[PDB]
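Note sheet for the following structure.
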Amino acid sequence: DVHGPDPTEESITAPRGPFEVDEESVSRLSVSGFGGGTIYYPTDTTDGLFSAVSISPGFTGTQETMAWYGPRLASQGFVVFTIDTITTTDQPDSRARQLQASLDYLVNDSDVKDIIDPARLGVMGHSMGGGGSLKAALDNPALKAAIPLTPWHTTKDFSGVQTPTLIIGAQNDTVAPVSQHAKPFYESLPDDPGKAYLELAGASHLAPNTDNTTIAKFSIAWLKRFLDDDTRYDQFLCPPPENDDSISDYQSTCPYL
């Protein structure tokens, strides 16, 4: 199943896509292995199953720091789960296990299990949650997309990740400098099935925590392309964008074939 009309620059950069959305709060007390969260999902049941993505915050962060991704991404035809971790001080490998527990909940137990395609699952996360997204993909090669946002991890070698991975760095990140975190992660990844490194010009470590048209556009394109196998979105990814004031660097293994 693909979803929505043929995309444009306007459609992919808009605050909302064509799908109306609702939200379901998931109590910490009703789940195991993570801290609960918010499920954002399309209300249209006539368009086939949707792909699903779980989104982790970073160190000292809660789902509030990632809330804006919910409506923005789900309105493009995705089930989006902004999670809380067990404790805000959980480290990356723990965040990876909690991302996976959240996807297991969505597919096995959640009240949206019947509108998800359990074969089309992805992970995203901020900072230590971005390190968690890399580790979760390493441990679960069935995951069809990963988007680490200003990622942080002591582990540098993600050569084992077979999931299409878009790393978003912040040019001026003083917390997870791109020379020590995002770029090494990106360089370790295999060239197939597809990778990209998008560096946000002028951006701090906390750029991912507020509505960002560049983060939204490329995340939507990446999830469309790799969770839905929707090649209508290759046009935004490959060849890489050239004259985007918001992008200080872009590296890729385009084309994705």
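We use all heavy atoms of the structure for the numbers below, so side chains are in, but hydrogens, waters and symmetry mates are not. For reference, positions follow the sequence shown, starting with 1.
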Walk me through whether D234 and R225 qualify under side chain to side chain contact (heavy atoms under 4.5 Å, CB included). CA-CA 7 Å; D234 279 311; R225 178 53 183 83; 2.9 Å; yes
I would like to know whether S246 and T213 meet side chain to side chain contact (heavy atoms under 4.5 Å, CB included); could you show each step before the answer? CA-CA 9 Å; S246 70; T213 295; over 6 Å; no
Steps toward side chain to side chain contact (heavy atoms under 4.5 Å, CB included) verdict (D47, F19): CA-CA 10 Å; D47 203 41; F19 290 89; 3.4 Å; yes
Between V79 and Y40, does the side chain to side chain contact (heavy atoms under 4.5 Å, CB included) criterion hold? Intermediate values first, please. CA-CA 6 Å; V79 171; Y40 298 84; over 6 Å; no
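Residues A216 and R72 share a closest heavy-atom pair of CB-NE, 3.4 Å. When every heavy atom of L200 is checked against every heavy atom of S248, the shortest pair comes out as C-OG, 3.8 Å. The minimum heavy-atom distance between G129 and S56, with the atom names listed, is CA-OG, 3.5 Å. Between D229 and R120, the closest heavy-atom pair is OD2-NH1, 2.9 Å. The shortest heavy-atom contact between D44 and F50 is O-CE1, 3.4 Å. The minimum heavy-atom distance between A170 and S204, with the atom names listed, is CB-O, 3.3 Å.
Placement of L227 and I116 in two distinct hydrophobic clusters is found when ILVMFWY residues are connected by side-chain heavy-atom separations under 4.5 Å, directly or transitively. Residue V31 is grouped with residue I83 when hydrophobic side chains (ILVMFWY) are merged at heavy-atom distances under 4.5 angstrom, including chains of intermediate members. Placement of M128 and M66 in two distinct hydrophobic clusters is found when ILVMFWY residues are connected by side-chain heavy-atom separations under 4.5 Å, directly or transitively. Residue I55 is grouped with residue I147 when hydrophobic side chains (ILVMFWY) are merged at heavy-atom distances under 4.5 angstrom, including chains of intermediate members. Under a hydrophobic clustering in which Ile, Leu, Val, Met, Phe, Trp and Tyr are joined whenever their side-chain heavy atoms come within less than 4.5 Å, directly or via other members, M124 and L121 fall into different clusters.
Atom CD of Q235 and atom OG1 of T8 lie 8.5 Å apart (nearest 0.5 Å). We find the NE2-CD distance between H153 and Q91 to be 9.0 Å, quoted to the nearest 0.5 Å. With values rounded to the nearest 0.5 angstrom, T82 atom OG1 is found 4.0 Å from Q63 atom CD. Rounded to the nearest 0.5 Å, atoms CG (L223) and CD (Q76) are 10.0 Å apart. Note that OH of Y69 is 9.0 Å distant from CG of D211, once rounded to the nearest 0.5 Å. Here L99 contributes atom CG and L143 contributes atom CG; the two are 9.0 Å apart, rounded to the nearest 0.5 Å.
A salt bridge does not link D90 to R95: none of the charged nitrogens lies less than 4.0 Å from a carboxylate oxygen. Salt bridge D139/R97: absent, no basic N to carboxylate O contact under 4.0 Å.
The aromatic rings of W222 and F226 are tilted relative to each other, their planes meeting at an angle between 30° and 60°. Aromatic ring pairs are classed by plane angle as parallel below 30°, tilted from 30° to 60° and perpendicular above 60°; the pair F81 and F34 is perpendicular. Ring geometry, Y250 versus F218: the interplanar angle falls from 30° to 60°, so the pair is classed tilted. Between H205 and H126, the angle of the ring planes lies from 30° to 60°, which puts this pair in the tilted group.
Between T163 and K144 the shortest side-chain heavy-atom distance does not fall below 4.5 Å. The closest side-chain heavy-atom distance from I12 to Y233 is below 4.5 Å. When side chains are defined from C-beta on, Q251 does not count as touching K195, because their heavy atoms never get closer than 4.5 Å. Side-chain contact between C238 and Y256 is present, with heavy atoms from C-beta onward closer than 4.5 Å. Within the 4.5 Å cutoff, the side chain of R16 has heavy atoms near those of the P71 side chain. For the pair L237 and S252, the minimum side-chain heavy-atom distance is 4.5 Å or more. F236 is listed as a side-chain neighbour of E9, based on a closest heavy-atom distance under 4.5 Å. Annotation: side chain of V26 is not in contact with side chain of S110 (no heavy-atom distance under 4.5 Å).
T65 places a side-chain N or O within 3.5 Å of a backbone atom of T62 that can act as its donor or acceptor partner. Side-chain atoms of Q171 never come within 3.5 Å of backbone atoms of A203 as a donor-acceptor pair (strictly under, hydrogens ignored). Checked by atom type and distance alone, the side chain of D230 never pairs as donor or acceptor with a backbone atom of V2 at under 3.5 Å. One N or O on the side chain of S188 and one on the backbone of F158 form a donor-acceptor pair closer than 3.5 Å.
The number of heavy-atom neighbours closer than 6.0 Å to CD of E64, taken from other residues, nucleotides and ligands shown, is above 12.
With 3.5 Å as the limit, one finds a donor-acceptor pair spanning the side chains of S94 and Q98. The closest side-chain donor-acceptor pair between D228 and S51 falls under 3.5 angstrom.
Screening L134, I168, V123 for a side-chain contact (heavy atoms from CB on, under 4.5 Å) with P148, the sole residue that qualifies is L134.
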